[PDB]
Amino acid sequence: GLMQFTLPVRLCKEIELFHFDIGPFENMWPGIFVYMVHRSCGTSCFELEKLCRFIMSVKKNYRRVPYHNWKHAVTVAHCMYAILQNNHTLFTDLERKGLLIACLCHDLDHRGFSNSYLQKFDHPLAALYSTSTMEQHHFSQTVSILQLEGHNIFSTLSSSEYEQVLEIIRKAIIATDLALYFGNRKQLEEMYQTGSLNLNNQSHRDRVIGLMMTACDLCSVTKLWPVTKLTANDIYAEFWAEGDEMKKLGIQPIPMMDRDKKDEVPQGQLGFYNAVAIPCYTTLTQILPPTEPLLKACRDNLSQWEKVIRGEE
């Protein structure tokens, strides 16, 4: 129990900041995650032997896709870490445990295709789960891994604590379905403004955890410009493949997915920042003020995309 993960000095310092990039050395990402669990949660939260076996099984069940891959999983978990570390007293013991695990598992077994494509293809997952198709799959895969011999990192919780943490994880993973974020954020906006927001109301905390999940999930737009811009290529490599697969079902895809309309990307990023990212981080910052560096970094990246359109890069 006296075995800490320690990082080199640069990483030990930058890991605390919202804009930390986990680096290109895949072999360091498990250690980076255990480091975050230890500081967020404690060295006691999980049996190290069980946690390492859980992490490696989660890693194996992420595929080799350009964006929805193991690096995304760890990156999203790091944003959650930075949120929890800057909001120390707002969250329960169980919540800290549940949310880092939910972020690590939230895109398990992703194939690089949207819920929409699965439904037009008539994928069996679309018959099994008619809404939030991939997200109910990601939660399914999380439960499957937790039930492997040796992989139950929660085994030392009481029965009722075990049911509560799995319910935190299920709601957190379902909330990463962006179709649900629009109405979740509108409701949090009304509640914060009329002043009815109450973090002791469970249904309210649920909504706030959902928004934290959207914020961590989108956190590649809150990095320094060179990171955000190089990540945007990874996300468009998936979108353009999905577009090709739409054309193979005889369906003109949306322009966001059409590789023949690469010129329209800068304007599509503006729409995404203005309709999704900026409002997400604004409402998050209103509810949890120390998350403001995410909103500041998002606004800087919006201004960089505006510079791309004005031909200045």
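The term rigid core refers to the maximal set of C-alpha atoms that superpose within 1.5 Å between the two forms. Heads up: residue numbers just count along the shown sequence, starting at 1.
message = Rigid core superposition, C-alpha RMS per stretch in 7 other deposited structures of this protein: which comes out larger, 211 to 219 or 117 to 125?
response = Of the two stretches, the larger average C-alpha offset in 7 other deposited structures of this protein falls on 117 to 125.
ask   = Fit on the core, then compare CA atoms: does 245 to 253 or 263 to 271 lie farther from this form in 7 other deposited structures of this protein?
value = Comparing 245 to 253 with 263 to 271, the larger C-alpha deviation in 7 other deposited structures of this protein belongs to 245 to 253.
ask   = Mean C-alpha B-factor higher for 207 to 215, or for 90 to 98?
value = Taking the mean C-alpha B-factor of 207 to 215 and of 90 to 98, the larger value falls to 90 to 98.
request  = Give the stretch, out of 301 to 309 and 16 to 24, with the larger mean C-alpha temperature factor in the deposited entry.
outcome  = The stretch with the larger mean CA B-factor is 301 to 309.
key: Criterion, highest CA B-factor; candidates, 242, 177, 109, 190   = The listed residue with the largest C-alpha B-factor is 190.
query = Reading the B-factor column of the entry, which of 184, 222, 159, 142 has the highest value at its C-alpha atom?
reply = Answer for 184, 222, 159, 142: 159, with the highest C-alpha B-factor.
key: CA B-factor placement of residue 282, once the chain's modelled residues are sorted into thirds   = Ranked within chain, residue 282 CA B lands in the middle tercile.
inquiry  = Is residue 61 in the lowest, middle or highest third of its chain when residues are ranked by C-alpha B-factor?
reply    = It belongs to the lowest third of the chain when residues are ordered by C-alpha B-factor.
inquiry  = Using the temperature factors of the C-alpha atoms in this entry, rank residue 168 within its chain: lowest, middle or highest third.
reply    = It falls in the middle third of the chain.
Chain-relative CA temperature factor third for residue 46 = Its C-alpha B-factor belongs to the highest third of this chain's values.
inquiry  = Is residue 235 in the lowest, middle or highest third of its chain when residues are ranked by C-alpha B-factor?
reply    = Tercile = middle for this residue's CA B-factor.
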